[PDB]
Amino acid sequence: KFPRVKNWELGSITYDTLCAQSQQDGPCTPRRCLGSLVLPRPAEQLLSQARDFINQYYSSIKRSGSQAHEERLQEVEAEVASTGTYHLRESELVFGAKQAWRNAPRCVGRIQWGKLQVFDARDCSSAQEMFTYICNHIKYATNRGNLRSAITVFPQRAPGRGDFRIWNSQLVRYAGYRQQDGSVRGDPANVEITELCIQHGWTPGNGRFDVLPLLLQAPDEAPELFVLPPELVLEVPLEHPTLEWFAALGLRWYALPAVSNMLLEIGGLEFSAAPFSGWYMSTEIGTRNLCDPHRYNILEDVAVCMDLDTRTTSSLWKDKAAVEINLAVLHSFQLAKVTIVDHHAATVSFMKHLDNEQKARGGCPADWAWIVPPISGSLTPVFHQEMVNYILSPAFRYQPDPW
Amino acid sequence: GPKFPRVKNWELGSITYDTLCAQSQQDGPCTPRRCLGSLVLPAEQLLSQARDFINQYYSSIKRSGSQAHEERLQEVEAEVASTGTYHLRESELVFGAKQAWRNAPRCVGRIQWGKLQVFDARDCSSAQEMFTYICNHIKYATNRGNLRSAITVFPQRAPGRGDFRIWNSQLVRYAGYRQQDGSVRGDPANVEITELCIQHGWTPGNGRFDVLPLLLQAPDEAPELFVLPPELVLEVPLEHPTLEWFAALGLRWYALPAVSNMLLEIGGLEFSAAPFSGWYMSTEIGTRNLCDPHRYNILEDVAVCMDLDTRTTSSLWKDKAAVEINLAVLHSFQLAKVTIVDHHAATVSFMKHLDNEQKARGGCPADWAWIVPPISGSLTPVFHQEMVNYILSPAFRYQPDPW
Ligand code: HEM
Ligand code: HEM
Ligand SMILES: Cc1cc(N)nc(C[C@H]2CNC[C@H]2OCCNCCc2cccc(F)c2)c1
Ligand SMILES: Cc1cc(N)nc(C[C@H]2CNC[C@H]2OCCNCCc2cccc(F)c2)c1
Ligand SMILES: C[C@H](O)[C@H](O)[C@H]1CNc2nc(N)[nH]c(=O)c2N1
Ligand SMILES: C[C@H](O)[C@H](O)[C@H]1CNc2nc(N)[nH]c(=O)c2N1
Ligand SMILES: [Zn+2]
């Protein structure tokens, strides 16, 4: 029933008993494992998801089974009874957002989960107020390049009406202009979101790193367009510690990773619009975004840069150059005084987190295939550690694109 | 769409469904509540399994439902009727062996599934005789560098009577000698089996790369020790194409990967000895056996020779060294004319295998975590490929070491 979990480097063994508190089916069954798929295709329920969540918070501040807890438990019981829903108190919502991050199986940064700036933006009622809220979050989070973890919660879903949404998947991301000649200027992964932007009447540039404007949508209104003012957006040019030419490449990435399309779920309530951010691990920029073939796919150009042998796989030019890009990403961010983290440091601190969690709750749910870096997998200690995935709440879910 | 796992390739945008998994007749480790993907070690019934196997066979020869098919069935029932067990026709053994390897979710090797040499050794009655079978195997399969897939099949398990069993995990393994100051000389993987060889009479070496003897067991007889004639065991001295100093590290590997401790299960018949072999993927040696902290752990040594900053993670001295070491594996094998294959080509071709299997059977069981290499993960196409993993029979399966 409870799983043995070995580390294959140190022959050490633990037991998840946290996953006993999973109230949510994932994709696997005893017949097949679906664990590598990325995506997954009533008052009595709400009232019970609430109760529980209230129970986490009182237990969190040690004030379990007492007056303020009991009393707050009729408050929700009565609010649902009458109106089919309730609302959170600020501190409660500060406890859930943090915890939603604690429970994110696919996060390698979860050691930081205690340290989260929570902006409560639930008193928002137009896209114009959204833009401002978002604009502050960025100024705060960026901090002249000493990045800081932040989330900003906008108002919850309501049964009678459309959601507050941000159309973008991140707050910063680059244009991807599809061209006549089948090709693409800039980031291929943001083609559809660039087009959507043009359809709502944005003036588009034509470089490789045109920062996208923001499409914010308030309940039942058509979405609106807000260009982010260039100075809130911190960018970092790409140069190499020894390779003079690397620079002359025009490569650069932005400083702030802020996910802006995921849904945040606390106590059975749902926040369709709740962007969050911390800081990048080098391998998000160096390996995935520049290195993927369906993205910027600069590898071959790096390799030709270096005058290696393009003609054959077994010379390892794929791997040699990748390596320099992650080295270029780390160097370049360190020079700009922007917070970055390499995948060795990162995963090492992730192991500490599992150990921290093992003692604190009895396990930690994690998704092996997402935690292990996209290069040098076995060279990181997370490769050698078995993990469990299950679903805890508070939680970030995926949600449909609003068009 | 259909109620069958939908399976996507994120690089290409392509979609398939896996109908094969419906034929899985045996549960893995997951449930809807939790995913165990990462865990390394996750009469009436006899007739039931055999019937399915025979169907499977007659299908593969297009004679499904025919006279010869219903005849073999009745014959197989009658076999089991009076004896408890049954026996496989020669060609039934050749097909189930191939089917067992085609069904192996952890093997990236599968495109070659149809090209296997099957050595029937079901006539073998002594440990002395295994040594002989085994020596022929290595001779055949090594074929002086031009390597060849093969499997030798020893007598099946049987009521009462005890098993045949190669005790070595591989036909070729380097010794692992426990020092009197905690550390190990040689492959730490093999301390347990090394100790057993000595206890059973073997005079041991004092090296990093000593080939182990063979501990062979025959029903109810004590295991017996057999030394491989050095001339039979082909090894490769490791050199680097541009770093002249690398050769001097005294590094070497052997040419033949040959698993010897797995169970081969067909039609509910179990073969407890069935060494099988193929040819290496470069990362099995370059990255795993050489760079694992718990194996030879040569990463630091190599990085010093490379003059890398090994006091900070962010230099990517690990990544840089592992590449070189892998490149030197690839190059050492090339030069000696010994069949090898680099993670890049080897995965390009698992992609092809996937497409073939889609057409032939509607799907292919795959352990993502294992199919994806320990280095340059995202840089290979399997990284972007969702996989479905279930258990199909005939299978290779783990068994408990015999002692
Ligand atoms: C502070 C440093 C942080 C680092 C280094 C970090 C790193 C990462 C990485 C590397 C991933 C998966 C990478 C990928 O998309 O391929 C990820 C996923 C995730 N992160 Fe973190 N993160 C950080 C902070 C945060 C914060 C503040 C939150 C929210 C409060 C967060 C929530 C999540 C969630 C929900 C996922 C899953 C995304 C998905 O399922 O698609 N992370 N993080
Ligand atoms: C033809 C060249 C071959 C290549 C490149 C290849 C590659 C591999 C690799 C890379 C693995 C994963 C091993 C690990 O890292 O632990 C593997 C596992 C496996 N291979 Fe293949 N292989 C080849 C031939 C064969 C043959 C001939 C067989 C059987 C006849 C076979 C059967 C298996 C099985 C059963 C496993 C699973 C072991 C486990 O589950 O732990 N392979 N193979
Ligand atoms: C908060 C934070 C910090 C950090 N270092 N890293 C992150 C992950 C961000 C950045 N780097 C990738 C992005 O991850 C975004 C979430 N992943 C989406 C994967 C996906 C793709 C396409 C279709 C889908 F349905 C799903 C978040
Ligand atoms: C036939 C063939 C060809 C090839 N290239 N590669 C192979 C896998 C071999 C070689 N390279 C590793 C070994 O695979 C053996 C599979 N077992 C390892 C998992 C394991 C389970 C339990 C305890 C452990 F310590 C380890 C076979
Ligand atoms: C299909 C596979 O699940 C998919 O390619 C995953 C693999 N691992 C990943 N790991 C991280 N950190 N981020 C990713 O996008 C992916 N993609
Ligand atoms: C924890 C994890 O399951 C384990 O380290 C696996 C990961 N993937 C692997 N993949 C291969 N090919 N071989 C392995 O030994 C492993 N080890
Ligand atoms: Zn699973």
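Following Swiss-Prot, chain B shows residues 67-108, 122-482, kept in their order.
Placement of Cβ uses the backbone N, Cα and C atoms for every residue, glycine included.
Residues annotated as Zn(2+) binding site in Swiss-Prot, with similarity to another entry given as evidence: B:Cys96, B:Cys101. Taken from Swiss-Prot, the feature (6R)-L-erythro-5,6,7,8-tetrahydrobiopterin binding site applies to B:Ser104, B:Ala448, B:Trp449, B:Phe462, supported by similarity to another entry. If you look up Swiss-Prot, you'll see B:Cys186, B:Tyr477 marked as heme b binding site. Positions annotated as L-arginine binding site by Swiss-Prot: B:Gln249, B:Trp358, B:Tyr359, B:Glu363, B:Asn368.
Feature map: Swiss-Prot annotations on the structure.
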residue: B:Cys96; record: Zn(2+) binding site; DSSP (3 states): coil
residue: B:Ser104; record: (6R)-L-erythro-5,6,7,8-tetrahydrobiopterin binding site; DSSP (3 states): coil
residue: B:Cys186; record: heme b binding site; DSSP (3 states): coil
residue: B:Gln249; record: L-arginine binding site; DSSP (3 states): strand
residue: B:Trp358; record: L-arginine binding site; DSSP (3 states): coil
residue: B:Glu363; record: L-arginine binding site; DSSP (3 states): helix
residue: B:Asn368; record: L-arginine binding site; DSSP (3 states): helix
residue: B:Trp449; record: (6R)-L-erythro-5,6,7,8-tetrahydrobiopterin binding site; DSSP (3 states): helix
residue: B:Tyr477; record: heme b binding site; DSSP (3 states): coil
List, in residue order, those binding-site residues out of B:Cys96, B:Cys101, B:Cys186, B:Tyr359, B:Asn368, B:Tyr477 with a Cβ under 6 Å from any atom belonging to ligand 7.
B:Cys96, B:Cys101
Candidates B:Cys101, B:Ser104, B:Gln249, B:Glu363, B:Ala448 (binding-site residues) with CB under 6 Å from ligand 6, in sequence order, are B:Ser104, B:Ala448
Note down the number of other Cβ atoms within 10 Å of the Cβ of B:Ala448 ((6R)-L-erythro-5,6,7,8-tetrahydrobiopterin binding site), including every protein chain shown.
20
So if the criterion is CB under 8 Å to a CB of chain A, which of the binding-site residues B:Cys101, B:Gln249, B:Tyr359, B:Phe462 qualify?
B:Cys101, B:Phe462
Given 13 residues with no model between B:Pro108 and B:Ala122, what whole-number C-alpha distance in angstrom do these ends have?
26
What are the other residues, in sequence order, whose C-beta lies within 8 angstroms of the center of the C-beta atoms of B:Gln249, B:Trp358, B:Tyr359, B:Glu363, B:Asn368 at the L-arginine site?
B:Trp332, B:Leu335, B:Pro336, B:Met360, B:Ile364
Taking B:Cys101, B:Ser104, B:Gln249, B:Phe462, B:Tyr477 as the binding-site residues, the residues having C-beta under 6 A from ligand 2 are none
Once near-sequence residues are set aside, which residues in the chain of B:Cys96 (Zn(2+) binding site), 6 or more away, have Cβ atoms under 8 Å from its Cβ?
B:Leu102, B:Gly103
Closest to B:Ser104 ((6R)-L-erythro-5,6,7,8-tetrahydrobiopterin binding site): which of the binding-site residues B:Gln249, B:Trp358, B:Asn368, B:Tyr477, going by Cα position?
B:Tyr477
Which state, by DSSP, holds B:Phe462 ((6R)-L-erythro-5,6,7,8-tetrahydrobiopterin binding site): helix, strand or coil?
helix
Long-range Cβ list for B:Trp358 (L-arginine binding site), cut-off under 8 Å, min separation 6+ in sequence, same chain only, gives B:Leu226, B:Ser228, B:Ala334, B:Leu335, B:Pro336, B:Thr418, B:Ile419, B:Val420
Which of the binding-site residues B:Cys186, B:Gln249, B:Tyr359, B:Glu363, B:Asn368 has its Cα nearest to the Cα of B:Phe462 ((6R)-L-erythro-5,6,7,8-tetrahydrobiopterin binding site)?
B:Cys186
So for B:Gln249 (L-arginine binding site), how many other CB atoms are inside 10 Å of its CB?
20
Over the residue list B:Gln249, B:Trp358, B:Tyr359, B:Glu363, B:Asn368, recorded for L-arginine, what is the maximum interresidue Cα distance in Å?
15
